[PDB]
Amino acid sequence: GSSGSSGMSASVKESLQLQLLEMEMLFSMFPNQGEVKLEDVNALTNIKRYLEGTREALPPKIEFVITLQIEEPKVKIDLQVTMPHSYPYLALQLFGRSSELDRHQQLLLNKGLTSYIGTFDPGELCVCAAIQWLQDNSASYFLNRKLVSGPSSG
């Protein structure tokens, strides 16, 4: 239908739509099967149904974890991406932590990221940029002054 007046707002329908399309893009950038871990492969379906209007019940958002295959330093950083019924419109929530990384370090990384993603316009994807961002700015953080190198004996 339609009303007489209306301020500024968007219908979840669209949001979800952009949340499903981005999936096809992410899968492409990730050829490895052990990359994108979807809590449930049916998380995308339930949604497609809501778009029709048959399912009045709000479907489960698209939440998963993407592994950052850092080329150098050759390390792994588990990235927990969560796209609610708002994003991209809303600032999604990400979590970057690795066994190597430390408490102080993480903070710096996460912070630097959150801001980067918080500088995007409500309409386009952001998680697609968070991946590259981290990679390019992944070692910059690790790089630290610590005496670990040393000889060995028997």
# chains A, B, ... in the order shown; residues from 1 in each chain; ligands from 1
call {"tool": "select_by_dssp", "arguments": {"residues": "chain A", "states": "strand (DSSP E)", "output": "list in words"}}
result
residues 36, 37, 38, 62, 63, 64, 65, 66, 67, 68, 69, 70, 75, 76, 77, 78, 79, 80, 81, 82, 83, 93, 94, 95, 96 and 97 of chain A
call {"tool": "write_last_selection", "arguments": {"atoms": "N, CA, C and O atoms", "output": "CSV table (one decimal), in the first residue's frame"}}
result
chain,number,residue,atom,x,y,z
A,36,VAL,N,34.2,-19.9,4.5
A,36,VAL,CA,33.0,-19.4,5.0
A,36,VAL,C,32.1,-20.5,5.8
A,36,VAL,O,31.6,-21.4,5.1
A,37,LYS,N,32.0,-20.3,7.1
A,37,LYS,CA,31.3,-21.3,7.9
A,37,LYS,C,29.9,-20.7,8.2
A,37,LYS,O,29.8,-19.9,9.1
A,38,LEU,N,28.9,-21.2,7.5
A,38,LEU,CA,27.5,-20.8,7.8
A,38,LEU,C,26.8,-21.6,8.8
A,38,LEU,O,26.7,-22.8,8.7
A,62,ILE,N,21.8,-13.5,8.6
A,62,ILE,CA,22.9,-14.2,8.0
A,62,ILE,C,24.2,-14.0,8.8
A,62,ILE,O,24.9,-13.1,8.6
A,63,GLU,N,24.5,-14.9,9.7
A,63,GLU,CA,25.7,-14.9,10.6
A,63,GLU,C,26.6,-16.0,10.3
A,63,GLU,O,26.2,-17.2,10.2
A,64,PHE,N,27.9,-15.7,10.1
A,64,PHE,CA,28.9,-16.7,9.8
A,64,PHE,C,30.3,-16.2,10.2
A,64,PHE,O,30.5,-15.1,10.6
A,65,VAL,N,31.3,-17.1,10.0
A,65,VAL,CA,32.7,-16.7,10.4
A,65,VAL,C,33.6,-16.9,9.1
A,65,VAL,O,33.6,-18.0,8.6
A,66,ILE,N,34.3,-15.9,8.8
A,66,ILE,CA,35.2,-15.9,7.7
A,66,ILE,C,36.7,-16.0,8.1
A,66,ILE,O,37.1,-15.1,8.9
A,67,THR,N,37.4,-16.9,7.6
A,67,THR,CA,38.8,-17.0,8.0
A,67,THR,C,39.7,-16.2,7.0
A,67,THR,O,39.6,-16.3,5.8
A,68,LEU,N,40.6,-15.4,7.6
A,68,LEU,CA,41.5,-14.5,6.9
A,68,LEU,C,42.8,-15.2,6.6
A,68,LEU,O,43.6,-15.3,7.4
A,69,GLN,N,42.9,-15.7,5.3
A,69,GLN,CA,44.1,-16.4,4.9
A,69,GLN,C,45.2,-15.4,4.6
A,69,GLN,O,45.6,-15.2,3.5
A,70,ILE,N,45.8,-14.8,5.7
A,70,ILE,CA,46.9,-13.9,5.5
A,70,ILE,C,48.1,-14.5,4.8
A,70,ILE,O,48.6,-15.5,5.3
A,75,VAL,N,49.5,-16.3,8.6
A,75,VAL,CA,48.7,-16.6,9.8
A,75,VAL,C,47.2,-16.7,9.6
A,75,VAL,O,46.8,-16.5,8.4
A,76,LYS,N,46.5,-17.1,10.6
A,76,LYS,CA,45.0,-17.2,10.5
A,76,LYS,C,44.3,-16.3,11.5
A,76,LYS,O,44.6,-16.3,12.7
A,77,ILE,N,43.3,-15.5,11.0
A,77,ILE,CA,42.6,-14.7,11.9
A,77,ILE,C,41.1,-14.9,11.7
A,77,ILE,O,40.5,-14.5,10.7
A,78,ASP,N,40.5,-15.5,12.7
A,78,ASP,CA,39.0,-15.8,12.7
A,78,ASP,C,38.2,-14.5,12.7
A,78,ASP,O,38.3,-13.8,13.7
A,79,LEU,N,37.4,-14.3,11.7
A,79,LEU,CA,36.6,-13.1,11.6
A,79,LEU,C,35.1,-13.4,11.7
A,79,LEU,O,34.6,-14.0,10.8
A,80,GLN,N,34.5,-13.0,12.8
A,80,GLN,CA,33.1,-13.3,13.1
A,80,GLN,C,32.2,-12.2,12.5
A,80,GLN,O,32.1,-11.1,13.1
A,81,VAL,N,31.6,-12.4,11.4
A,81,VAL,CA,30.8,-11.4,10.8
A,81,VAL,C,29.3,-11.6,11.1
A,81,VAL,O,28.8,-12.8,11.1
A,82,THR,N,28.6,-10.6,11.4
A,82,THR,CA,27.2,-10.7,11.8
A,82,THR,C,26.4,-9.6,11.1
A,82,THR,O,26.4,-8.4,11.4
A,83,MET,N,25.6,-10.0,10.1
A,83,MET,CA,24.7,-9.0,9.4
A,83,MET,C,23.3,-9.1,9.8
A,83,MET,O,22.5,-10.0,9.4
A,93,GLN,N,28.4,-6.0,13.0
A,93,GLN,CA,29.4,-6.3,14.1
A,93,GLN,C,30.4,-7.3,13.7
A,93,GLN,O,30.0,-8.4,13.3
A,94,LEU,N,31.7,-7.0,13.8
A,94,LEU,CA,32.7,-8.0,13.4
A,94,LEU,C,33.7,-8.2,14.6
A,94,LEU,O,33.8,-7.4,15.5
A,95,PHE,N,34.3,-9.4,14.6
A,95,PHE,CA,35.2,-9.8,15.6
A,95,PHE,C,36.5,-10.4,15.1
A,95,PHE,O,36.4,-11.6,14.6
A,96,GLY,N,37.6,-9.8,15.1
A,96,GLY,CA,38.8,-10.3,14.6
A,96,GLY,C,39.8,-10.7,15.7
A,96,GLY,O,40.3,-9.8,16.4
A,97,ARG,N,40.0,-12.0,15.9
A,97,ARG,CA,41.0,-12.5,16.9
A,97,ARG,C,41.7,-13.7,16.5
A,97,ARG,O,41.2,-14.5,15.7
call {"tool": "select_by_dssp", "arguments": {"residues": "stretch 13-153 of chain A", "states": "helix (DSSP H, G or I)", "output": "PDB file with C-alpha atoms, in the first residue's frame"}}
result
ATOM      1  CA  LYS A  13      12.896  -6.759   2.430  1.00  0.00           C
ATOM      2  CA  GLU A  14      15.627  -4.819   0.627  1.00  0.00           C
ATOM      3  CA  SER A  15      18.198  -5.270   3.394  1.00  0.00           C
ATOM      4  CA  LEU A  16      17.790  -9.052   3.400  1.00  0.00           C
ATOM      5  CA  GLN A  17      18.034  -8.981  -0.395  1.00  0.00           C
ATOM      6  CA  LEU A  18      21.448  -7.312  -0.244  1.00  0.00           C
ATOM      7  CA  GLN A  19      22.391  -9.786   2.488  1.00  0.00           C
ATOM      8  CA  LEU A  20      21.753 -12.725   0.158  1.00  0.00           C
ATOM      9  CA  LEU A  21      23.416 -11.311  -2.958  1.00  0.00           C
ATOM     10  CA  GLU A  22      26.630 -10.565  -1.065  1.00  0.00           C
ATOM     11  CA  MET A  23      26.766 -14.292  -0.314  1.00  0.00           C
ATOM     12  CA  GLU A  24      27.384 -15.147  -3.969  1.00  0.00           C
ATOM     13  CA  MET A  25      30.238 -12.633  -4.000  1.00  0.00           C
ATOM     14  CA  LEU A  26      31.835 -13.900  -0.788  1.00  0.00           C
ATOM     15  CA  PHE A  27      31.705 -17.511  -1.978  1.00  0.00           C
ATOM     16  CA  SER A  28      33.537 -16.469  -5.146  1.00  0.00           C
ATOM     17  CA  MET A  29      36.321 -14.679  -3.272  1.00  0.00           C
ATOM     18  CA  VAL A  41      22.890 -23.518   4.935  1.00  0.00           C
ATOM     19  CA  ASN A  42      19.139 -23.006   5.303  1.00  0.00           C
ATOM     20  CA  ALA A  43      19.733 -19.550   6.775  1.00  0.00           C
ATOM     21  CA  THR A  45      16.389 -19.992   2.279  1.00  0.00           C
ATOM     22  CA  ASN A  46      14.200 -19.088   5.255  1.00  0.00           C
ATOM     23  CA  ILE A  47      14.854 -15.495   4.190  1.00  0.00           C
ATOM     24  CA  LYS A  48      13.992 -15.827   0.501  1.00  0.00           C
ATOM     25  CA  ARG A  49      10.630 -16.998   1.842  1.00  0.00           C
ATOM     26  CA  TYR A  50      10.094 -13.888   3.966  1.00  0.00           C
ATOM     27  CA  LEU A  51      10.511 -11.771   0.832  1.00  0.00           C
ATOM     28  CA  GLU A  52       7.403 -13.422  -0.609  1.00  0.00           C
ATOM     29  CA  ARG A 103      44.807  -8.615  24.030  1.00  0.00           C
ATOM     30  CA  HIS A 104      46.341  -5.179  23.462  1.00  0.00           C
ATOM     31  CA  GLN A 105      46.990  -5.960  19.797  1.00  0.00           C
ATOM     32  CA  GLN A 106      43.452  -7.132  19.038  1.00  0.00           C
ATOM     33  CA  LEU A 107      41.938  -3.940  20.445  1.00  0.00           C
ATOM     34  CA  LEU A 108      44.041  -1.897  18.020  1.00  0.00           C
ATOM     35  CA  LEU A 109      43.027  -4.094  15.086  1.00  0.00           C
ATOM     36  CA  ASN A 110      39.316  -4.346  15.878  1.00  0.00           C
ATOM     37  CA  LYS A 111      39.137  -0.621  16.627  1.00  0.00           C
ATOM     38  CA  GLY A 112      40.877   0.314  13.389  1.00  0.00           C
ATOM     39  CA  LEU A 113      38.407  -1.918  11.563  1.00  0.00           C
ATOM     40  CA  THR A 114      35.125  -0.986  13.244  1.00  0.00           C
ATOM     41  CA  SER A 115      35.844   2.621  12.274  1.00  0.00           C
ATOM     42  CA  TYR A 116      36.669   1.671   8.685  1.00  0.00           C
ATOM     43  CA  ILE A 117      33.323  -0.110   8.375  1.00  0.00           C
ATOM     44  CA  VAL A 127      31.962  -6.947   4.929  1.00  0.00           C
ATOM     45  CA  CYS A 128      33.408  -7.204   1.421  1.00  0.00           C
ATOM     46  CA  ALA A 129      35.774  -4.354   2.281  1.00  0.00           C
ATOM     47  CA  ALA A 130      36.589  -5.535   5.803  1.00  0.00           C
ATOM     48  CA  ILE A 131      38.292  -8.612   4.354  1.00  0.00           C
ATOM     49  CA  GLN A 132      40.738  -6.743   2.122  1.00  0.00           C
ATOM     50  CA  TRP A 133      41.212  -4.007   4.721  1.00  0.00           C
ATOM     51  CA  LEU A 134      42.404  -6.473   7.360  1.00  0.00           C
ATOM     52  CA  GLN A 135      44.722  -8.302   4.962  1.00  0.00           C
ATOM     53  CA  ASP A 136      46.388  -5.109   3.741  1.00  0.00           C
ATOM     54  CA  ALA A 139      50.839  -7.271   9.451  1.00  0.00           C
ATOM     55  CA  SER A 140      51.087  -3.586  10.364  1.00  0.00           C
ATOM     56  CA  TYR A 141      49.703  -4.617  13.752  1.00  0.00           C
ATOM     57  CA  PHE A 142      51.637  -7.853  14.259  1.00  0.00           C
TER      58      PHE A 142
END
call {"tool": "atom_distance", "arguments": {"atom1": "atom CA of residue A:150", "atom2": "atom CA of residue A:138"}}
result
25.2 Å
call {"tool": "atom_distance", "arguments": {"atom1": "atom CA of residue A:148", "atom2": "atom CA of residue A:101"}}
result
15.1 Å
call {"tool": "closest_residue", "arguments": {"among": "A:11, A:137, A:153, A:32", "to": "residue A:73", "atoms": "only C-alpha atoms"}}
result
A:137
call {"tool": "closest_atom_pairs", "arguments": {"of": "stretch 47-150 of chain A", "to": "stretch 2-9 of chain A", "cutoff": "12 Å", "atoms": "only C-alpha atoms", "output": "tab-separated table"}}
result
residue	atom	partner	partner_atom	distance
A:86	CA	A:9	CA	10.7
A:89	CA	A:9	CA	9.7
A:90	CA	A:9	CA	11.7
A:122	CA	A:9	CA	10.9
A:123	CA	A:9	CA	11.7
